[PDB]
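This report refers to the structure that appears directly beneath it.
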Ligand SMILES: COc1ccc(S(=O)(=O)N(CC(N)=O)c2ccc(N(CC(N)=O)S(=O)(=O)c3ccc(OC)cc3)c3ccccc23)cc1
């Protein structure tokens, strides 16, 4: 009865409003308060025991479906709360937390492919922009390791990317790192045991099940055990020293499948399934 896995938003026929907490130990799902606005291709994160949903794409009927919204969920009260919106709409967004601050990375607004990045301070409820990335990335994967922010893969508006870059907060500058072996957009990126994992995604022709991690020491991307299902636009997070992937699109079907990665045995495996297949969710743990 400790920490739970929270899934918010997603897509099936349209942008979804579901918020659902999964309990890995007893294997159950709990339906929570809906998002005030349905959104797909959003990102989730956690700061001070609070759940945030960032950007994405809503179901607005006026032609403006790209979201610039930031929303806060309080588990203790089951209340969603609107926060200060970002400086620009960011669909297919990537998020990372450093020292209690949320970084919104890349994403898209219509034909605009953001290389820009902004930082949200919960203690001030403010968004301030920082140094833009070296590359424009939508469908980018973001993760944080030792107070450094990594932007991985994506789509620069012309080509799908295998390249990755690193953000140094104390210098406000970006620095390219070693590229992935695989071209990936809409991948699952996270930090587990001092490595940066990149799972699934879309190489431009197929959805992927291959998985590779990055080591700062050797500066190399090496493959690990592949997922049971190819999937892009998947939700990802860590729980109890294991990696969890949620939903996604395999090319024909919006997956309800949920797989778990054991780094000690280098094994993947389905452990449960969501209440309904869906892609482009945001996920966090608290
Ligand atoms: C037509 O089927 C789909 C597929 C995915 C969705 S989604 O609701 O999920 N969604 C919507 C969004 N808010 O943008 C997303 C769509 C596409 C994404 N990719 C683009 C990118 N730059 O990463 S993707 O690389 O992953 C991809 C590529 C080709 C595909 O067709 C075979 C399918 C997906 C999204 C990437 C991340 C989050 C949402 C995406 C909905 C319907």
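Counting only residues that are touching a residue at least 60 places away in the same chain (Cβ under 8 Å) and part of a loop (DSSP other than H, G, I, E, B), which one in segment 167-195 is farthest from residue 249 (Cα to Cα)? Restricting to residues being touching a residue at least 60 places away in the same chain (Cβ under 8 Å) and part of a loop (DSSP other than H, G, I, E, B), the top hit is 169.
Which residue, of 141, 110, is within 16 Å of the ligand (Cβ to nearest atom) and surrounded by fewer than 20 Cβ atoms within 10 Å (Cβ to Cβ)? Break it down into steps so the answer makes sense when it comes.
On the way: 141 fails: surrounded by fewer than 20 Cβ atoms within 10 Å (Cβ to Cβ).
The conditions single out 110.
Summed over segment 38-63, residues that are crowded, with 16+ Cβ neighbours inside 10 Å and either within 20 Å of residue 188 (Cβ to Cβ) or within 13 Å of the ligand (Cβ to nearest atom) (or both) total 17.
Output the residues belonging to segment 1-37 that are in a loop (DSSP other than H, G, I, E, B), without any contact (Cβ under 8 Å) to a residue 60 or more places away in the chain and within 16 Å of the ligand (Cβ to nearest atom). Across segment 1-37, the qualifying residues are 13, 17, 35, 37. Kindly indicate whether any position in segment 89-107 is within 16 Å of the ligand (Cβ to nearest atom), within 19 Å of residue 133 (Cβ to Cβ), free of Cβ contacts under 8 Å to residues at least 40 places away in the same chain and surrounded by fewer than 22 Cβ atoms within 10 Å (Cβ to Cβ). No, there is no match, as no residue in segment 89-107 is within 16 Å of the ligand (Cβ to nearest atom), within 19 Å of residue 133 (Cβ to Cβ), free of Cβ contacts under 8 Å to residues at least 40 places away in the same chain and surrounded by fewer than 22 Cβ atoms within 10 Å (Cβ to Cβ). When each of 122, 75, 85 is tested for being surrounded by fewer than 19 Cβ atoms within 10 Å (Cβ to Cβ), within 17 Å of residue 42 (Cβ to Cβ) and either within 11 Å of the ligand (Cβ to nearest atom) or touching a residue at least 40 places away in the same chain (Cβ under 8 Å) (or both), the lone residue that passes is 85. Among the residues of segment 265-278, is there at least one that is in contact with a strand residue (DSSP E or B) (Cβ under 7 Å, 6 or more places away or on another chain) and either buried (at least 24 other Cβ atoms within 10 Å of the Cβ) or under 15 Å from residue 139 (Cα atoms) (or both)? Yes, segment 265-278 contains a residue that is in contact with a strand residue (DSSP E or B) (Cβ under 7 Å, 6 or more places away or on another chain) and either buried (at least 24 other Cβ atoms within 10 Å of the Cβ) or under 15 Å from residue 139 (Cα atoms) (or both).
Within the set 198, 164, the sole residue that is in contact with a strand residue (DSSP E or B) (Cβ under 7 Å, 6 or more places away or on another chain), within 14 Å of the ligand (Cβ to nearest atom), closer than 26 Å to residue 246 by Cβ and part of a strand (DSSP E or B) turns out to be 198. On inspection, residue 147 does not qualify as in contact with a strand residue (DSSP E or B) (Cβ under 9 Å, 6 or more places away or on another chain), free of Cβ contacts under 8 Å to residues at least 24 places away in the same chain and over 30 Å from residue 203 (Cβ atoms). Can you find, within segment 127-138, the residue that is nearest to the ligand (Cβ to nearest atom) among those that are farther than 22 Å from residue 202 by Cα and in a loop (DSSP other than H, G, I, E, B)? The extreme case among them is 132. Return a yes/no flag: does segment 242-262 have any residue that is assigned to a loop (DSSP other than H, G, I, E, B) and either over 22 Å from residue 14 (Cα atoms) or more than 16 Å from the ligand (Cβ to nearest atom) (or both). Within segment 242-262, none of the residues are assigned to a loop (DSSP other than H, G, I, E, B) and either over 22 Å from residue 14 (Cα atoms) or more than 16 Å from the ligand (Cβ to nearest atom) (or both). Looking only at segment 201-241, count every residue that is in a strand (DSSP E or B), within 16 Å of the ligand (Cβ to nearest atom) and more than 16 Å from the chain's Cα centre (by Cα) and tell me the total. Result for segment 201-241: 1.
Just so you know, all these numbers are worked out from the coordinates, no wet-lab data involved. No Cβ is skipped: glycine too gets one built from the backbone with ideal geometry, and neighbour counts run over all protein chains shown.
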